[PDB]
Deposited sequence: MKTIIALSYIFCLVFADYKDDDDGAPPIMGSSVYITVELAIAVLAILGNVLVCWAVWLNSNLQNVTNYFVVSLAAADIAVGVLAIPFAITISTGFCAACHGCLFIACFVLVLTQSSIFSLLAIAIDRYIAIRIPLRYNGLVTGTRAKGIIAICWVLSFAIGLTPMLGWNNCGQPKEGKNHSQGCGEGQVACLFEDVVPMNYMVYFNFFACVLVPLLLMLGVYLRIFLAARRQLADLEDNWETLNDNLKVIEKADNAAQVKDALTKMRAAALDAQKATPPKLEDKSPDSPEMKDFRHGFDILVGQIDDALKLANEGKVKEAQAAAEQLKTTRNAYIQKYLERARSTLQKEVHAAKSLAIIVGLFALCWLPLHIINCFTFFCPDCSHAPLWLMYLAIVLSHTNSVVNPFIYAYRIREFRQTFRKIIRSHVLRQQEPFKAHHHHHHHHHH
């Protein structure tokens, strides 16, 4: 076979290229949030936590990956730390993505409560806690769930390791039951499914809000036409009672209020006339409603639609991030599943292991590109930083 160093040179070169790009792109993210107070919100605190995890992939995880590819002799607990540290960063990523999804879910479901439920001070606490949990989950093998007690003597002697040392190779020291049941099923796949569920609920909530606006609008307009071709007070009375309900629902910032005050007032004026039997005065009063609608209500309606559309677009953008996370990490997990559940199967070849590893690391490059393409405030801040400071 070809000298191993030839394939190793390609591996190391690609890992270093990923490292540089992971560091540069994610530093730009952090720099942008620092510069631009418009980007300084709780959602972006999680973005910065995720960018920090991606910088740490370039600075630490990639160097550790290069090291462990050599099978160097190491004390088994030192080997575990180098093998498992990337699991801490990946777990931190998962918590940041989960926090973002729930943040956007609260923002769309209880917008009035959001700013008092979800504060910077609480966010910072949540981020600290998530990082501590990430260290505990990813370094669980250091607590004894490891293969350090069952060393590969063949490898130890061939690499000529000293006493207490192992040839530091991932699948020799990290148990596959940990990787499949604990890391993959419990710590990765369950959070990804929860995130899928939350995004689904976001899109369902936006659509139901947009439906309710459009139904209130159409209720207004249709009862306006009922009133016009009406024949008696009872008809006009009913159509106005329906308009009043529709109007109060639509309502649930000074110029906005004034507009609905004019509407409900005009409705209530036409309501008192109807009761007293004056059908034509009620019908005439109701013709006023059309200019209030055109001047005030159609403006609030289109503003509300435009806000919801922006929330849906932002939610799509963040869901893309989760989808790319999944794309980049699932191959390695699926390979581990074959290793573990199919002992009759040939192990995935080395070249495929290293491709899957490289793909996992490429995840730490992509997010700054998604922000730049999808989120105008990031794109514009990146432009300013690049022009001015380069």
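Not built in the structure, per the record, are deposited positions 1 to 23, 276 to 290, 429 to 447.
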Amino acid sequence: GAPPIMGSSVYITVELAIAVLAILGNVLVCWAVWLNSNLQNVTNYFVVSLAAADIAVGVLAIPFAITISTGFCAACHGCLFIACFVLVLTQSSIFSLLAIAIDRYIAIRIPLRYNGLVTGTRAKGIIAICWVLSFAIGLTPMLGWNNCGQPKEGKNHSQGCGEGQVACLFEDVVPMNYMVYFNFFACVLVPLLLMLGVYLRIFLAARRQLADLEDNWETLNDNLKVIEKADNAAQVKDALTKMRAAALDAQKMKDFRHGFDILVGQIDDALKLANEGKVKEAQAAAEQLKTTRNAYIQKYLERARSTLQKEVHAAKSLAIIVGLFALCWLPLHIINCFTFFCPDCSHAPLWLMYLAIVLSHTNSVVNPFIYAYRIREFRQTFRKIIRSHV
From here on, numbers count along this sequence of modelled residues.
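On average the C-alpha atoms of 26 to 34 have higher B-factors than those of the other stretch, with 26 to 34 and 59 to 67 being the two compared. When the C-alpha B-factors of 131 to 139 and 279 to 287 are averaged, 279 to 287 comes out higher.
Out of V198, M179, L213, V166, the entry records its largest CA B-factor for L213. Annotation for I320, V173, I227, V190: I227 ranks highest, by Cα B-factor.
Among the modelled residues of the chain, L273 sits in the highest third by CA temperature factor in this PDB entry. Among the modelled residues of its chain, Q159 has a C-alpha B-factor that falls in the highest third according to the deposited record. Annotation for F95: CA B-factor lies in the lowest third of the chain's modelled residues. Per the PDB record, residue ranking by Cα B-factor puts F260 in the highest third of the chain. The deposited CA B-factor of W145 belongs to the lowest third of values across its chain.
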